[PDB]
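Text of target05.txt (compact mmCIF, C-alpha atoms and all ligand atoms) as supplied:
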# COMPACT_ATOMS: atom_id res chain seq x y z
CA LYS V 4 3.84 34.69 2.63
CA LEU V 5 2.22 31.50 1.28
CA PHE V 6 -0.88 32.08 3.45
CA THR V 7 -1.56 35.70 2.55
CA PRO V 8 -4.21 36.88 0.07
CA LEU V 9 -3.58 37.73 -3.56
CA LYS V 10 -5.79 39.52 -6.10
CA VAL V 11 -5.93 37.33 -9.24
CA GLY V 12 -7.84 39.19 -11.93
CA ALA V 13 -11.51 39.32 -10.98
CA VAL V 14 -11.17 37.21 -7.80
CA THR V 15 -9.16 37.23 -4.57
CA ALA V 16 -7.29 34.13 -3.48
CA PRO V 17 -6.94 33.82 0.34
CA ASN V 18 -3.58 32.09 -0.01
CA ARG V 19 -0.85 31.46 -2.63
CA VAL V 20 -1.11 27.66 -2.65
CA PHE V 21 -2.76 26.78 -5.95
CA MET V 22 -3.85 23.43 -7.36
CA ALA V 23 -2.14 22.84 -10.72
CA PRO V 24 -4.15 21.53 -13.66
CA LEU V 25 -4.07 17.71 -13.49
CA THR V 26 -5.44 15.37 -16.13
CA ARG V 27 -7.00 12.39 -14.30
CA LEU V 28 -8.95 10.75 -17.19
CA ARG V 29 -12.05 9.79 -15.16
CA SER V 30 -14.79 11.45 -17.25
CA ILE V 31 -17.78 9.56 -18.61
CA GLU V 32 -17.72 8.28 -22.17
CA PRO V 33 -19.62 8.63 -24.32
CA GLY V 34 -19.88 12.40 -24.00
CA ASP V 35 -16.61 13.34 -22.19
CA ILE V 36 -18.81 14.34 -19.27
CA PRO V 37 -17.59 15.39 -15.79
CA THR V 38 -18.93 13.20 -13.01
CA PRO V 39 -20.13 13.49 -9.42
CA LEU V 40 -16.88 11.76 -8.38
CA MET V 41 -14.90 14.55 -10.07
CA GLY V 42 -17.18 17.04 -8.24
CA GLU V 43 -16.22 15.43 -4.92
CA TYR V 44 -12.48 15.46 -5.80
CA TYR V 45 -12.55 19.20 -6.53
CA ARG V 46 -14.74 19.97 -3.49
CA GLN V 47 -12.21 18.17 -1.26
CA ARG V 48 -9.53 20.59 -2.57
CA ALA V 49 -11.55 23.81 -2.32
CA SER V 50 -9.28 25.33 0.36
CA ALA V 51 -6.73 25.95 -2.43
CA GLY V 52 -6.04 29.61 -3.11
CA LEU V 53 -7.19 28.72 -6.63
CA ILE V 54 -8.06 25.37 -8.22
CA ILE V 55 -7.04 25.07 -11.86
CA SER V 56 -9.02 22.23 -13.41
CA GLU V 57 -7.78 19.34 -15.46
CA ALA V 58 -7.30 20.21 -19.12
CA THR V 59 -10.73 20.38 -20.80
CA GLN V 60 -11.64 20.20 -24.52
CA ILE V 61 -12.80 23.31 -26.29
CA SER V 62 -14.43 21.11 -28.97
CA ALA V 63 -14.76 17.45 -29.95
CA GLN V 64 -11.82 17.87 -32.37
CA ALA V 65 -9.72 19.07 -29.40
CA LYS V 66 -9.87 15.62 -27.78
CA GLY V 67 -6.65 13.67 -27.50
CA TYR V 68 -7.15 11.49 -24.37
CA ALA V 69 -9.97 9.09 -23.52
CA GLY V 70 -11.52 10.24 -20.24
CA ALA V 71 -10.61 13.95 -20.50
CA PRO V 72 -13.69 16.18 -20.13
CA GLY V 73 -15.05 18.73 -22.57
CA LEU V 74 -16.72 22.15 -22.23
CA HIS V 75 -18.47 22.26 -25.62
CA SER V 76 -21.76 20.31 -25.21
CA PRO V 77 -24.90 21.07 -23.19
CA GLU V 78 -24.38 17.96 -21.05
CA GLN V 79 -20.78 18.97 -20.27
CA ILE V 80 -21.84 22.50 -19.33
CA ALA V 81 -24.56 21.11 -17.03
CA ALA V 82 -22.11 18.77 -15.32
CA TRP V 83 -19.44 21.43 -14.84
CA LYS V 84 -22.07 23.75 -13.27
CA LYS V 85 -22.45 21.20 -10.48
CA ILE V 86 -18.68 21.00 -9.99
CA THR V 87 -18.14 24.74 -9.77
CA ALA V 88 -21.17 25.05 -7.46
CA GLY V 89 -19.59 22.50 -5.10
CA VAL V 90 -16.30 24.38 -5.02
CA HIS V 91 -18.16 27.67 -4.39
CA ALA V 92 -20.22 26.06 -1.65
CA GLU V 93 -16.92 25.51 0.19
CA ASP V 94 -15.81 29.10 -0.51
CA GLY V 95 -13.23 28.06 -3.12
CA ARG V 96 -12.33 29.46 -6.55
CA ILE V 97 -11.88 27.44 -9.74
CA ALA V 98 -10.42 28.13 -13.17
CA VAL V 99 -10.99 25.83 -16.14
CA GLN V 100 -7.92 24.92 -18.16
CA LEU V 101 -8.94 24.85 -21.86
CA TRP V 102 -6.95 22.88 -24.45
CA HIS V 103 -6.84 21.59 -27.94
CA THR V 104 -4.49 18.60 -27.98
CA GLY V 105 -3.61 18.95 -31.68
CA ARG V 106 -1.26 16.17 -32.73
CA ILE V 107 -1.12 14.54 -29.25
CA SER V 108 -4.17 12.48 -30.11
CA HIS V 109 -5.36 9.34 -31.87
CA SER V 110 -7.73 8.94 -34.83
CA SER V 111 -9.97 6.56 -32.84
CA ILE V 112 -11.18 9.39 -30.58
CA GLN V 113 -11.38 12.08 -33.29
CA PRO V 114 -14.70 12.92 -34.95
CA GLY V 115 -15.28 10.42 -37.76
CA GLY V 116 -12.21 8.44 -36.70
CA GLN V 117 -10.05 10.75 -38.84
CA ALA V 118 -6.53 12.15 -38.39
CA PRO V 119 -6.01 14.85 -35.73
CA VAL V 120 -4.83 18.34 -36.68
CA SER V 121 -1.74 20.42 -35.99
CA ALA V 122 0.43 23.25 -37.36
CA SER V 123 2.22 20.77 -39.62
CA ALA V 124 1.82 17.12 -40.66
CA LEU V 125 4.50 15.49 -38.53
CA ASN V 126 3.84 12.92 -35.82
CA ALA V 127 4.26 13.86 -32.16
CA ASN V 128 6.28 10.65 -31.71
CA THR V 129 4.80 10.09 -28.28
CA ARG V 130 1.82 8.36 -26.70
CA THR V 131 -1.61 9.39 -25.59
CA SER V 132 -4.03 7.56 -23.30
CA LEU V 133 -7.03 5.67 -24.65
CA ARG V 134 -9.41 3.24 -22.92
CA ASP V 135 -9.72 -0.50 -23.56
CA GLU V 136 -12.94 -2.54 -23.85
CA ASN V 137 -13.32 -2.58 -20.04
CA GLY V 138 -12.77 1.18 -19.67
CA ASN V 139 -9.20 1.03 -18.34
CA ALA V 140 -6.53 3.55 -19.42
CA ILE V 141 -3.98 2.32 -21.97
CA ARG V 142 -1.06 4.12 -23.70
CA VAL V 143 -1.19 4.25 -27.52
CA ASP V 144 1.17 5.84 -30.07
CA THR V 145 -0.06 9.16 -31.47
CA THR V 146 -1.59 9.36 -34.95
CA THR V 147 0.15 11.45 -37.61
CA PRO V 148 -1.73 14.74 -37.90
CA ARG V 149 -2.73 16.77 -40.87
CA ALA V 150 -1.74 20.40 -41.09
CA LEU V 151 -4.56 22.86 -40.52
CA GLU V 152 -5.44 24.70 -43.69
CA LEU V 153 -5.16 28.46 -43.41
CA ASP V 154 -8.93 28.82 -43.72
CA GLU V 155 -9.45 26.49 -40.71
CA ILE V 156 -7.54 28.74 -38.30
CA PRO V 157 -10.44 31.16 -37.59
CA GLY V 158 -12.51 28.13 -36.55
CA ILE V 159 -9.90 27.17 -33.94
CA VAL V 160 -9.96 30.71 -32.54
CA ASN V 161 -13.76 30.60 -32.48
CA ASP V 162 -13.72 27.26 -30.62
CA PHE V 163 -11.58 28.80 -27.86
CA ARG V 164 -13.93 31.83 -27.80
CA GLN V 165 -17.02 29.65 -27.53
CA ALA V 166 -15.47 27.46 -24.82
CA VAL V 167 -14.74 30.59 -22.77
CA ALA V 168 -18.36 31.71 -23.19
CA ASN V 169 -19.37 28.25 -21.99
CA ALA V 170 -16.94 28.45 -19.04
CA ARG V 171 -18.54 31.69 -17.94
CA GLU V 172 -21.98 30.06 -18.03
CA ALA V 173 -20.67 27.01 -16.17
CA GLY V 174 -19.67 29.24 -13.25
CA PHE V 175 -15.87 29.14 -13.49
CA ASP V 176 -14.10 32.10 -11.91
CA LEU V 177 -11.32 32.23 -14.52
CA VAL V 178 -10.09 30.38 -17.62
CA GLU V 179 -6.54 29.14 -18.23
CA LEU V 180 -5.52 28.78 -21.89
CA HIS V 181 -3.36 25.68 -22.32
CA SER V 182 -0.43 27.09 -24.32
CA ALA V 183 2.05 24.57 -22.90
CA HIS V 184 3.24 20.95 -22.88
CA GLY V 185 3.30 20.28 -26.59
CA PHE V 186 -0.48 20.72 -27.19
CA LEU V 187 -1.94 22.68 -30.13
CA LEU V 188 -1.03 26.25 -29.14
CA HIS V 189 2.51 25.13 -28.21
CA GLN V 190 2.73 23.16 -31.51
CA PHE V 191 2.32 26.52 -33.28
CA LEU V 192 4.73 28.33 -30.91
CA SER V 193 7.54 25.85 -31.36
CA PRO V 194 9.81 25.73 -34.47
CA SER V 195 10.22 21.96 -33.90
CA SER V 196 6.53 21.32 -34.61
CA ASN V 197 5.71 24.24 -36.89
CA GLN V 198 7.11 24.17 -40.43
CA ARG V 199 4.41 26.40 -41.91
CA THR V 200 5.30 28.94 -44.60
CA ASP V 201 2.19 31.10 -44.22
CA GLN V 202 1.78 33.85 -41.65
CA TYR V 203 1.46 31.23 -38.85
CA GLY V 204 5.01 29.88 -39.18
CA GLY V 205 8.62 31.01 -39.40
CA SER V 206 9.37 34.02 -37.22
CA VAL V 207 8.44 34.13 -33.55
CA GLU V 208 5.83 36.76 -34.40
CA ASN V 209 4.22 34.32 -36.80
CA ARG V 210 4.54 31.33 -34.44
CA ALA V 211 2.85 33.31 -31.62
CA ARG V 212 0.14 34.66 -33.93
CA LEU V 213 -2.41 31.95 -33.14
CA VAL V 214 -2.09 32.07 -29.37
CA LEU V 215 -2.35 35.91 -29.42
CA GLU V 216 -5.45 35.74 -31.65
CA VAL V 217 -6.92 33.31 -29.12
CA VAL V 218 -6.05 35.62 -26.19
CA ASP V 219 -7.66 38.59 -27.97
CA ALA V 220 -10.78 36.58 -28.81
CA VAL V 221 -11.31 35.32 -25.26
CA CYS V 222 -10.62 38.74 -23.67
CA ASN V 223 -13.25 40.19 -25.99
CA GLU V 224 -15.70 37.38 -25.24
CA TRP V 225 -15.47 37.70 -21.45
CA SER V 226 -12.93 40.08 -19.86
CA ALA V 227 -9.16 40.26 -19.66
CA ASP V 228 -9.31 39.96 -15.86
CA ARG V 229 -10.87 36.49 -16.32
CA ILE V 230 -8.08 35.11 -18.53
CA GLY V 231 -4.93 33.27 -17.58
CA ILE V 232 -2.48 31.37 -19.74
CA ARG V 233 -0.15 28.47 -19.11
CA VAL V 234 3.12 28.42 -20.97
CA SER V 235 6.11 26.06 -20.85
CA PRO V 236 8.54 28.16 -22.88
CA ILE V 237 11.95 26.93 -21.63
CA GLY V 238 12.95 23.33 -22.24
CA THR V 239 11.40 20.34 -24.00
CA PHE V 240 7.90 19.02 -23.20
CA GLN V 241 6.43 15.90 -24.85
CA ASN V 242 9.07 16.18 -27.64
CA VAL V 243 8.20 19.83 -28.33
CA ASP V 244 11.23 22.01 -27.63
CA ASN V 245 11.16 25.78 -27.65
CA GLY V 246 13.79 26.21 -30.33
CA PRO V 247 17.23 27.77 -30.50
CA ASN V 248 16.15 31.21 -29.19
CA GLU V 249 13.81 30.07 -26.43
CA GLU V 250 14.59 32.84 -23.93
CA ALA V 251 14.17 35.72 -26.38
CA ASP V 252 11.06 34.10 -27.87
CA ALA V 253 9.55 33.61 -24.38
CA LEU V 254 10.11 37.27 -23.51
CA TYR V 255 8.53 38.35 -26.81
CA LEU V 256 5.41 36.28 -26.08
CA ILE V 257 5.19 37.56 -22.49
CA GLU V 258 5.48 41.20 -23.64
CA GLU V 259 2.65 40.59 -26.10
CA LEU V 260 0.50 38.92 -23.43
CA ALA V 261 1.07 41.87 -21.10
CA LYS V 262 -0.43 44.24 -23.67
CA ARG V 263 -3.77 42.47 -23.19
CA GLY V 264 -3.79 43.04 -19.41
CA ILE V 265 -4.74 39.44 -18.63
CA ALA V 266 -5.14 38.12 -15.09
CA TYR V 267 -2.17 35.78 -14.87
CA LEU V 268 0.80 34.07 -16.42
CA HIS V 269 1.34 30.46 -15.28
CA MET V 270 4.83 29.15 -16.03
CA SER V 271 5.35 25.42 -16.12
CA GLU V 272 9.09 25.53 -15.54
CA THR V 273 10.17 21.94 -16.13
CA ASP V 274 8.97 18.73 -17.67
CA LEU V 275 8.27 15.90 -15.23
CA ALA V 276 11.51 14.29 -16.49
CA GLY V 277 13.54 17.37 -15.51
CA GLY V 278 15.10 20.43 -17.07
CA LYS V 279 17.41 23.38 -16.50
CA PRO V 280 16.30 25.62 -13.63
CA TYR V 281 15.19 29.19 -14.33
CA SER V 282 17.88 31.72 -13.48
CA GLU V 283 16.94 34.62 -11.23
CA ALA V 284 17.96 36.94 -14.10
CA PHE V 285 15.38 35.30 -16.36
CA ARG V 286 12.75 35.49 -13.63
CA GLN V 287 13.45 39.24 -13.31
CA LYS V 288 13.11 39.69 -17.08
CA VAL V 289 9.74 37.93 -16.98
CA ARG V 290 8.57 39.88 -13.95
CA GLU V 291 9.32 43.29 -15.51
CA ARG V 292 7.41 42.32 -18.69
CA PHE V 293 4.16 41.10 -17.12
CA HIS V 294 1.89 43.15 -14.82
CA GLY V 295 -0.48 40.50 -13.60
CA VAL V 296 -0.05 37.54 -11.31
CA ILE V 297 2.78 35.10 -12.02
CA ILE V 298 2.30 31.49 -10.95
CA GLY V 299 5.30 29.16 -10.81
CA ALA V 300 5.05 25.38 -11.13
CA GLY V 301 7.23 22.32 -11.49
CA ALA V 302 8.55 20.33 -8.54
CA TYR V 303 8.13 23.25 -6.16
CA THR V 304 8.45 22.94 -2.42
CA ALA V 305 6.92 25.34 0.06
CA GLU V 306 10.51 26.49 0.76
CA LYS V 307 11.19 27.36 -2.88
CA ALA V 308 7.79 29.07 -3.16
CA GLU V 309 8.40 31.21 -0.07
CA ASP V 310 11.86 32.13 -1.34
CA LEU V 311 10.66 33.28 -4.76
CA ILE V 312 7.50 35.04 -3.46
CA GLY V 313 9.62 36.82 -0.82
CA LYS V 314 12.06 37.90 -3.57
CA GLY V 315 9.09 39.42 -5.45
CA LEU V 316 9.66 37.22 -8.50
CA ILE V 317 6.42 35.18 -8.45
CA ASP V 318 3.10 35.63 -6.65
CA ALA V 319 1.84 32.08 -6.24
CA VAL V 320 2.81 28.45 -6.67
CA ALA V 321 0.81 25.67 -8.28
CA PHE V 322 1.38 22.22 -6.80
CA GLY V 323 0.41 19.20 -8.86
CA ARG V 324 1.28 15.84 -7.36
CA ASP V 325 1.13 17.11 -3.75
CA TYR V 326 -2.46 18.20 -4.51
CA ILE V 327 -3.33 14.80 -5.96
CA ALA V 328 -2.30 13.25 -2.62
CA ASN V 329 -3.33 15.99 -0.12
CA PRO V 330 -6.78 17.52 -0.48
CA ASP V 331 -5.98 19.83 2.45
CA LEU V 332 -2.50 20.72 1.25
CA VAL V 333 -3.02 24.31 2.45
CA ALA V 334 -3.64 23.24 6.07
CA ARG V 335 -0.77 20.73 5.95
CA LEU V 336 1.72 23.34 4.69
CA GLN V 337 0.43 25.89 7.21
CA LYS V 338 0.77 23.44 10.17
CA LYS V 339 3.95 21.75 8.86
CA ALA V 340 2.15 18.39 8.89
CA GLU V 341 3.35 15.33 7.02
CA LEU V 342 1.90 14.68 3.56
CA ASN V 343 0.09 11.55 2.40
CA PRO V 344 2.23 9.33 0.17
CA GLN V 345 1.55 9.56 -3.57
CA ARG V 346 0.21 6.58 -5.52
CA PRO V 347 1.23 7.37 -9.14
CA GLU V 348 -0.23 4.16 -10.45
CA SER V 349 -3.71 5.69 -10.04
CA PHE V 350 -2.97 9.16 -11.41
CA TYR V 351 -4.71 8.29 -14.72
CA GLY V 352 -8.03 6.49 -15.17
CA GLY V 353 -9.94 4.25 -12.81
CA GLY V 354 -12.32 5.43 -10.09
CA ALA V 355 -12.35 6.67 -6.53
CA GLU V 356 -9.22 4.74 -5.54
CA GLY V 357 -6.24 7.06 -5.82
CA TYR V 358 -8.60 9.97 -6.48
CA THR V 359 -11.00 10.81 -3.59
CA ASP V 360 -9.51 8.41 -0.99
CA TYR V 361 -6.51 10.47 0.10
CA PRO V 362 -7.57 11.63 3.59
CA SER V 363 -7.64 15.11 5.00
CA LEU V 364 -6.20 15.73 8.46
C1 LIG H 401 -1.07 13.17 -13.43
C2 LIG H 401 -0.64 14.47 -14.07
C3 LIG H 401 -1.51 15.13 -14.93
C4 LIG H 401 -1.19 16.40 -15.43
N1 LIG H 401 -2.09 17.03 -16.29
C5 LIG H 401 -1.83 18.34 -16.68
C6 LIG H 401 -2.80 19.07 -17.37
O1 LIG H 401 -4.01 18.68 -17.51
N2 LIG H 401 -2.49 20.35 -17.75
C7 LIG H 401 -1.26 20.93 -17.47
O2 LIG H 401 -1.04 22.08 -17.89
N3 LIG H 401 -0.35 20.25 -16.74
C8 LIG H 401 -0.65 18.99 -16.31
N4 LIG H 401 0.28 18.33 -15.51
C9 LIG H 401 1.44 19.10 -15.00
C10 LIG H 401 1.10 19.67 -13.64
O3 LIG H 401 0.16 20.72 -13.77
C11 LIG H 401 2.43 20.15 -13.02
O4 LIG H 401 3.02 21.10 -13.88
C12 LIG H 401 3.41 19.02 -12.69
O5 LIG H 401 2.62 18.16 -11.86
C13 LIG H 401 4.66 19.57 -11.97
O6 LIG H 401 4.23 20.07 -10.69
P1 LIG H 401 4.48 19.12 -9.34
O7 LIG H 401 5.92 18.77 -9.14
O8 LIG H 401 3.94 20.08 -8.27
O9 LIG H 401 3.61 17.88 -9.55
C14 LIG H 401 -0.02 17.05 -15.03
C15 LIG H 401 0.86 16.38 -14.18
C16 LIG H 401 0.56 15.10 -13.69
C17 LIG H 401 1.45 14.51 -12.62
Would you write out, as structure tokens, the structure that this file holds?
Ligand SMILES: Cc1cc2nc3c(=O)[nH]c(=O)nc-3n(C[C@H](O)[C@H](O)[C@H](O)COP(=O)(O)O)c2cc1C
Amino acid sequence: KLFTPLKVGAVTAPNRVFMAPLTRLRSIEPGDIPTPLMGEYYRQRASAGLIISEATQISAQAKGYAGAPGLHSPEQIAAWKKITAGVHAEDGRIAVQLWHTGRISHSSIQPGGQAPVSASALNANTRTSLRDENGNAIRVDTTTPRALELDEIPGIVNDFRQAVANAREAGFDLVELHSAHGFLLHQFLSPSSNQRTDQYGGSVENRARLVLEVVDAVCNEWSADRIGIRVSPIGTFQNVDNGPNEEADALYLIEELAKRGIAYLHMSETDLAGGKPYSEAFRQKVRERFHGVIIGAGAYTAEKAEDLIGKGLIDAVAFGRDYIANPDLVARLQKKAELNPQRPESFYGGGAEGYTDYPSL
């Protein structure tokens, strides 16, 4: 089933082998600008059923990693237009993953060198990636954030809205809202990171309020059939857990998302460091609550993907690290060919080495 077509909102994927969003931290600074090298990397992978881009800033404030691209400035829009054109030239499809990093950030890459923002004022207690004086990636402890004031929340929603407008102009086929992995939207969703006492904290309805305002805004800006969302609602991701009622809270959020008739739900099932597997019962509960495409991700194999697609529980699989190392992953999985070995040391930062130099068959 992996090599059969699938309608995904406004487009049709020719296969179910998707490229997961993968931060590679190779953009130009100053300007957080996509490059021709990034264009080549995505063009090499255009046989994917769908490419989901690396996480991309909705605004300058959204930045948390040196080398991550934006989709807020004219120069960024112009550069992304070239990238999507290259993918389209090879008959591919590409979604842009849009984030605000919130508290997973550092003051040195924030506007004015000031503290980053979040739901509440507590430190992420993790690291982000900056660049040193020679442009090489380095890991640095996160800066303590300040809590967004209530009157700043509409501006966040507007920044997502505007970034989706920009994505449409840049020629993306779809957008993926980054509501996972401990970034801003997840910081609001999670009780561990959200201690607010206004209408954006406390109950699950309040904790989900921001992400649902964002979904509504971007559906209105473009169209619901252009919108996907990535969630990581079971387990702990970058120190952000999903709280004591994670299953019930996940199902609440998914039911709300379904009301908007969006294109897809992308579930990041496990952190890279591992987590409890999804039960089939939970998968069935998700499936009956959402009426668009469901994408599974997190250490999948082709075998696991075929099993779950055949069981009618998911529609597609996003592969991350296998896509880093195998531009023609689709052809390799179809032919049962060996994969190129991964070189994790060059996942983040640097240049062509470990990026565009993994060969196709
Ligand atoms: C180098 C690296 C960068 C990643 N960057 C992102 C990101 O930008 N956005 C996101 O939602 N997930 C990101 N992830 C998670 C992947 O999308 C994926 O969930 C993870 O790779 C598990 O899938 P895999 O076992 O197929 O690699 C990243 C993972 C890796 C390895």
Next on the checklist: Could you check the closest approach to ligand LIG 401 (chain H) for each of V:114, V:299, V:148, V:323 and tell me which residue wins, using only C-alpha atoms and all ligand atoms?
Outcome noted: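 So, comparing all the options, the nearest one is V:323.
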For chain V against ligand LIG 401 (chain H), with a cut-off of 6 Å and counting all atoms listed in the file, what is the closest atom pair and its distance in Å to one decimal for every residue that makes the cut, ordered by chain and number, as JSON lines?
{"residue": "V:23", "atom": "CA", "partner": "H:LIG401", "partner_atom": "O3", "distance": 4.4}
{"residue": "V:24", "atom": "CA", "partner": "H:LIG401", "partner_atom": "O3", "distance": 4.4}
{"residue": "V:25", "atom": "CA", "partner": "H:LIG401", "partner_atom": "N1", "distance": 3.5}
{"residue": "V:26", "atom": "CA", "partner": "H:LIG401", "partner_atom": "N1", "distance": 3.7}
{"residue": "V:57", "atom": "CA", "partner": "H:LIG401", "partner_atom": "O1", "distance": 4.3}
{"residue": "V:58", "atom": "CA", "partner": "H:LIG401", "partner_atom": "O1", "distance": 4.0}
{"residue": "V:271", "atom": "CA", "partner": "H:LIG401", "partner_atom": "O4", "distance": 5.4}
{"residue": "V:300", "atom": "CA", "partner": "H:LIG401", "partner_atom": "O6", "distance": 5.4}
{"residue": "V:301", "atom": "CA", "partner": "H:LIG401", "partner_atom": "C13", "distance": 3.8}
{"residue": "V:302", "atom": "CA", "partner": "H:LIG401", "partner_atom": "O7", "distance": 3.1}
{"residue": "V:303", "atom": "CA", "partner": "H:LIG401", "partner_atom": "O8", "distance": 5.7}
{"residue": "V:322", "atom": "CA", "partner": "H:LIG401", "partner_atom": "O8", "distance": 3.6}
{"residue": "V:323", "atom": "CA", "partner": "H:LIG401", "partner_atom": "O9", "distance": 3.5}
{"residue": "V:324", "atom": "CA", "partner": "H:LIG401", "partner_atom": "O9", "distance": 3.8}
{"residue": "V:350", "atom": "CA", "partner": "H:LIG401", "partner_atom": "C1", "distance": 4.9}
Checklist entry - For the atom pair atom CA of residue 99 of chain V and atom CA of residue 295 of chain V, what is the interatomic distance in Å to one decimal place? => result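 These two atoms are separated by 18.2 Å.
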Checklist entry - What does the distance from atom CA of residue 166 of chain V to atom CA of residue 62 of chain V come to in Å, to one decimal? => result 7.7 Å
Next on the checklist: I'd like the neighbourhood of segment 130-140 of chain V as an MDAnalysis selection string, where a residue qualifies if any of its atoms comes within 6 Å (using only C-alpha atoms), though same-chain residues fewer than 4 positions away should be ignored.
Outcome noted: chainID V and resid 68:69 144:145 352
Next on the checklist: What does the structure give for the distance between atom CA of residue 235 of chain V and atom CA of residue 90 of chain V, in Å to one decimal?
Outcome noted: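 That distance, rounded to one decimal, is 27.5 Å.
Minimum atom-to-atom distances from V:150, V:74, V:215, V:311 to residue 61 of chain V were compared using all atoms listed in the file, and the lowest value belongs to V:74.
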Item to check | Which of V:174, V:204, V:84, V:168 sits closest to residue 123 of chain V [using all atoms listed in the file] | outcome: V:204
Checklist entry - Neighbours of residue 325 of chain V within 9 Å (all atoms listed in the file; same-chain residues fewer than 4 positions away dropped), as a VMD selection string? => result chain V and resid 22 329 to 330 332 342 to 345
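Here the question is which of V:185, V:18, V:169, V:195 gets nearest to residue 247 of chain V using all atoms listed in the file, and that residue is V:195.
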Checklist entry - For the point (2.7, 22.7, -46.7) in file coordinates, what residues are within 9 Å, counting all atoms listed in the file? Give the answer as number ranges by chain? => result V: 123-124, 150, 152, 198-201
Item to check | Polymer residues at most 7 Å from segment 43-49 of chain V, all atoms listed in the file, same-chain spacing of 6 or more positions, as a list in words | outcome: residues 89, 90, 93, 95, 330, 331, 358 and 359 of chain V
Restrict the calculation to only C-alpha atoms, then for each residue of segment 150-178 of chain V with any atom at most 10 Å from an atom of segment 217-221 of chain V give the closest atom pair and their distance in Å to one decimal, rows by chain and rising residue number, as CSV.
residue,atom,partner,partner_atom,distance
V:157,CA,V:217,CA,9.4
V:159,CA,V:217,CA,8.4
V:160,CA,V:217,CA,5.3
V:161,CA,V:220,CA,7.6
V:162,CA,V:217,CA,9.2
V:163,CA,V:217,CA,6.6
V:164,CA,V:221,CA,5.0
V:165,CA,V:221,CA,8.4
V:166,CA,V:221,CA,8.9
V:167,CA,V:221,CA,6.4
V:168,CA,V:221,CA,8.2
V:178,CA,V:221,CA,9.2
Only C-alpha atoms, please: the residues just picked out, written as a PDB file, in the frame of the given file.
ATOM      1  CA  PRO V 157     -10.440  31.160 -37.590  1.00  0.00           C
ATOM      2  CA  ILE V 159      -9.900  27.170 -33.940  1.00  0.00           C
ATOM      3  CA  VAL V 160      -9.960  30.710 -32.540  1.00  0.00           C
ATOM      4  CA  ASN V 161     -13.760  30.600 -32.480  1.00  0.00           C
ATOM      5  CA  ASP V 162     -13.720  27.260 -30.620  1.00  0.00           C
ATOM      6  CA  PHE V 163     -11.580  28.800 -27.860  1.00  0.00           C
ATOM      7  CA  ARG V 164     -13.930  31.830 -27.800  1.00  0.00           C
ATOM      8  CA  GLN V 165     -17.020  29.650 -27.530  1.00  0.00           C
ATOM      9  CA  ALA V 166     -15.470  27.460 -24.820  1.00  0.00           C
ATOM     10  CA  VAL V 167     -14.740  30.590 -22.770  1.00  0.00           C
ATOM     11  CA  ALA V 168     -18.360  31.710 -23.190  1.00  0.00           C
ATOM     12  CA  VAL V 178     -10.090  30.380 -17.620  1.00  0.00           C
TER      13      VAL V 178
END
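Closest to residue 65 of chain V among V:226, V:363, V:110, V:245 is V:110, based on only C-alpha atoms.
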Enumerate, in order of chain and increasing residue number, the residues of segment 287-310 of chain V with an atom no farther than 12 Å from segment 251-257 of chain V, each with its shortest atom pair and distance in Å to one decimal, counting only C-alpha atoms, as a tab-separated table.
residue	atom	partner	partner_atom	distance
V:287	CA	V:254	CA	10.9
V:288	CA	V:254	CA	7.5
V:289	CA	V:254	CA	6.6
V:290	CA	V:257	CA	9.5
V:291	CA	V:257	CA	9.9
V:292	CA	V:257	CA	6.5
V:293	CA	V:257	CA	6.5
V:294	CA	V:257	CA	10.0
V:295	CA	V:257	CA	10.9
V:297	CA	V:257	CA	11.0
Next on the checklist: Between V:189, V:339, V:263, V:171, which residue has the minimum interatomic distance to residue 80 of chain V, considering all atoms listed in the file?
Outcome noted: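 Residue with the minimum atom-to-atom distance to residue 80 of chain V: V:171.
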